[PDB]
Structure formats: structure tokens, C-alpha cells
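Next up: a single chain in C-alpha cells, the form deposited in one PDB entry.
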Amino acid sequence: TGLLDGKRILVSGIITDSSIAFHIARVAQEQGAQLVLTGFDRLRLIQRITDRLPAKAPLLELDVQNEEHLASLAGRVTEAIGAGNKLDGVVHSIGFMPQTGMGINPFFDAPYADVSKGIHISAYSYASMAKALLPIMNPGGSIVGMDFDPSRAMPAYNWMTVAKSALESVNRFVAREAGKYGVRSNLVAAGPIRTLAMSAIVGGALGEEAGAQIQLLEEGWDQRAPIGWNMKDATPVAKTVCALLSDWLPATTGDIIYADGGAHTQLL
């Protein structure tokens, strides 16, 4: 039996088939969920990527900086899943930070206009998605967002670290609001996964130094993780997200589940 049988779940943040969102969606479908997908900017490309999922699913446009998309989202979703039906799950797998706020680019030289855009998309949007979608969410439902442990500073993650620290704070306030609908809000702090963003945005910002990033990642995660960590395998992260969409973590909200091989609990 599907862990998510007859749950209607919204999954944002697919762009390639390496995306964490893609694998969340794949696993969710294997576990009996009906999906609704959202995508940003490259809709024909995303469409061709989502056809590779095990089952057909509607795809809607959502740019989280666009007030009109947010205002119309609930309605467009209602249309896709049929009137008098609702979502049981929502997955926020979205992030962005301009090259100026990342990599070897000095921390101090990122102008606030750039930092602000990143916080808008990576942090604020968790609240605006919640605002838009809670009115069409069943009791017992689950909102989930993706996090990267920002509790200690680190090389290269720079201003995205600050956005994630903001996200953790937003998640806790969303939990309060979501509570009134009988809905949980949580984050998954994933270990590093080889995705588009990782390689092109993050590694891109190191240009010449890009080997250095792999040193940090090997050091901070697989070496520290008591059960190891594999950057080429999003499945453990995807399953962790599905666990939170399920009924099997019913007492957990405003919280962060670490899907990092346990790396964050070990110093060396």
C-alpha cells in the first residue's frame, strides 16, 4: 500500500530530473499520491521533464515573486483537482540567490537588491505559498520545505545561509497559522545533492575554486555522517519528505528533520 494513498499533493520546484523536487514527486507517485506540479519560467522544458515521472500530473505556472500567480493559484489548483477536493500536502522546493551572494564573491560586496531577491524567493515565498494554499487544504495535511543547515556559517553558501536562517524562522510562524487548519509545517534539512542549482549557481560562483566546494561537501557530510552520504542519490531526501507528507509524523510541526546521514550531530 501507498504511504500516500489518495493524498492530493502539490510539488513545486522541478527544473531538471536531478532536482530534489523531481525525486520527491517520483517517490510520492510510487506511493499512491495524485500530484499537481508547479514550475517557473521554462514551462515547455519542465513539461518535457515531468512526462518522465511515473504518472501524468497537471503542471501550473508559479513564479513566487508574482502576486497575480499567488492570488490565482488556489483557483487554478482547485480546477486541476476538481471542485470540492483539496490538497493534503504542499512541497516547497524553491530557492534562488544571485551570483553576487555566493561563492568567492566577497560577502560584503553583495548589494541588498540582490540579497533581497534571494530572501524573497527562498524564504518569504514559503509564507506566501502557505497563505495561498492553506484555504484549500484538508485537516491532517502537511506543508514541507527544503533547508540546508544554516546554524553555523560556512564558505561559499554566504547569503544563501542567511536566507535559510530566515526560512527556518518563517517555517515556525507558518506552523502557527497552519495549526488553525489542522496542518503541519516542517523543513527537511538535506545533505548536499548534485542538482542544477548546486553545480551552476553555487559551483558557478566559485568558478576557478570549484574543486574547493567538493572538499567542503565531502568533509562536512560523508566523513561526518555515521551512515555515509551520497550526493548523487536524492532518494533518501525524497523519502524523508514523503514521511512528513504522510500520517506517520503527526506530532511534528514548526520543526526541521535532518536528512543528512547524521552529519550535523558529529563534529568530525
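Residues that one form lacks are left out of the comparison. Residue indices: 1-based, along the sequence shown. C-alpha atoms forming the largest set that superposes within 1.5 Å between two forms make up the rigid core.
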Can you tell me which stretch has the higher mean Cα B-factor, 181-189 or 75-83?
-> 75-83
Mean Cα B-factor comparison, 201-209 or 229-237, giving the higher one as deposited | 201-209
Can you tell me which third, lowest, middle or highest, the CA B-factor of residue 194 falls into for its chain?
-> highest
Determine, from the deposited record, the chain-internal third of the Cα B-factor for residue 141: lowest, middle or highest.
-> middle
Residue 104, C-alpha B-factor rank within chain (lowest, middle or highest third) | highest
Which third of the chain holds residue 27 when residues are ordered by C-alpha B factor: lowest, middle or highest?
-> middle
If you rank every modelled residue in this chain by C-alpha B factor, which third holds residue 35: lowest, middle or highest?
-> middle
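Missing here is the form deposited in another entry; even so, the following discussion is about that form.
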Please find the residue from 32, 207, 54, 228 showing a Cα shift of 2 angstroms or more between the shown form and the other one, rigid core superposed.
-> 207
Once the core is aligned, please say if the CA of residue 216 is shifted by at least 2 angstroms between the shown form and the other one.
-> yes
Compare the CA separation of residue 152 and residue 205 in the other form with the one in the displayed structure, and answer closer or farther (the difference is at least 3 Å).
-> farther
So the C-alpha spacing of residue 171 and residue 220 changes by 3 Å or more in the other form; is that change toward closer or farther than shown?
-> farther
Stretches between the shown form and the other one where the CA atoms of at least 3 consecutive shared residues shift 2 Å or more, core fixed = 199-211, 213-220
